[PDB]
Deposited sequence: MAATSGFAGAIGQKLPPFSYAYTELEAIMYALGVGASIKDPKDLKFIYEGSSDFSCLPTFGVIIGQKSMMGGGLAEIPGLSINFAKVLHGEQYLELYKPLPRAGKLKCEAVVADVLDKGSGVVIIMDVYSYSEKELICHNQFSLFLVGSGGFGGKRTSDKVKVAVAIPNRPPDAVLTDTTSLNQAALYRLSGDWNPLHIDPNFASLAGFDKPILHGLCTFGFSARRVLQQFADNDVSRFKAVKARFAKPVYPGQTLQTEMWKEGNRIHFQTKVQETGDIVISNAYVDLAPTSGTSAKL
């Protein structure tokens, strides 16, 4: 349970918009102007941007991102500075909680590959209430990486092959951003404030250019979701959900 070195994170609307673009937002949909244009009176930072805030963090190359959990105690500001504190919470597989403060704002629990775990959840046994599709760009990874995760695994061909992939793969957290972004607009009216928390488990890989399929089930204030790749039908994100208000 060693309490890791504290780091800080600061960002402006820029880093925010950059995340939004790299995660799917498009001005093709007027409602998305809210996440892409700082001038919008409605301008908000996407909830999952918090994953990037606490993301500043053995053989790292031998590590696999298994699950992710984010909870927003308060809507993320359109810009700002934050103090973060990473604390290993449990343990092969290591679960590490990381809290980010401003004046507590958000909590991240990275399950890098117990009772201190934020468990994933099985999806309802019935056809989905709604399923939206998203077309990934051939450069999705090239753009999303600009938000912090520079792992060559997502852009370097040879690096990906030695790693075992036909071609570089899209960041797990990017697909995550996509689906989370869709749940936000489908069951919460793009109301950033109603986005309380999300939990997701990563499964099969996604390749830049493929098409995401986010399946959603509304069960009260919890929107269960699963993500696939309409093309292979593989499940890339499972037993996930997002709690709303």
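Ranges of the deposited sequence (numbered from 1) for which no C-alpha atom is modelled: Seq positions lacking coordinates: 1 to 11, 69 to 81, 116 to 121, 134 to 135, 146 to 157, 290 to 298.
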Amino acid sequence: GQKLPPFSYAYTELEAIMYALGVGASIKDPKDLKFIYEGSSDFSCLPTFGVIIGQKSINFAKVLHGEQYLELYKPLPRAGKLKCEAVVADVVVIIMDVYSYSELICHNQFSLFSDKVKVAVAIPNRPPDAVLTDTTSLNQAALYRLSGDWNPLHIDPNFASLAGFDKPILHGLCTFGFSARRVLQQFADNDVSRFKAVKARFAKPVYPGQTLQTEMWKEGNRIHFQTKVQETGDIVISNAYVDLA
From here on, numbers count along this sequence of modelled residues.
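69 to 77 versus 146 to 154 - which carries the larger mean C-alpha B factor in the record: Mean B over CA atoms: larger for 69 to 77.
Higher-scoring stretch by recorded Cα B factor average, 35 to 43 or 22 to 30: On average, C-alpha B-factors are higher across 35 to 43.
Most elevated Cα B-factor in the entry, residues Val51, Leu212, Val183, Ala61: Comparing C-alpha B-factors across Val51, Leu212, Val183, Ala61, the maximum falls on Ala61.
Residue with highest C-alpha B-factor in the PDB entry, from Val87, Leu173, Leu162, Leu138: The C-alpha B-factor peaks, among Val87, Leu173, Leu162, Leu138, at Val87.
For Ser179, the third of its chain into which the C-alpha B factor falls: Ranked within chain, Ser179 CA B lands in the lowest tercile.
Third of chain Cα B-factors occupied by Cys106: According to the entry, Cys106 has a C-alpha B-factor in the chain's middle third.
Within-chain third of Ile95 by Cα B-factor, per the entry: Answer is highest: the recorded C-alpha B-factor places it there.
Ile169 - Cα temperature factor, lowest/middle/highest third of chain: Tercile = lowest for this residue's CA B-factor.
Relative C-alpha B-factor of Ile235, binned into the chain's lowest, middle or highest third: According to the entry, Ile235 has a C-alpha B-factor in the chain's middle third.
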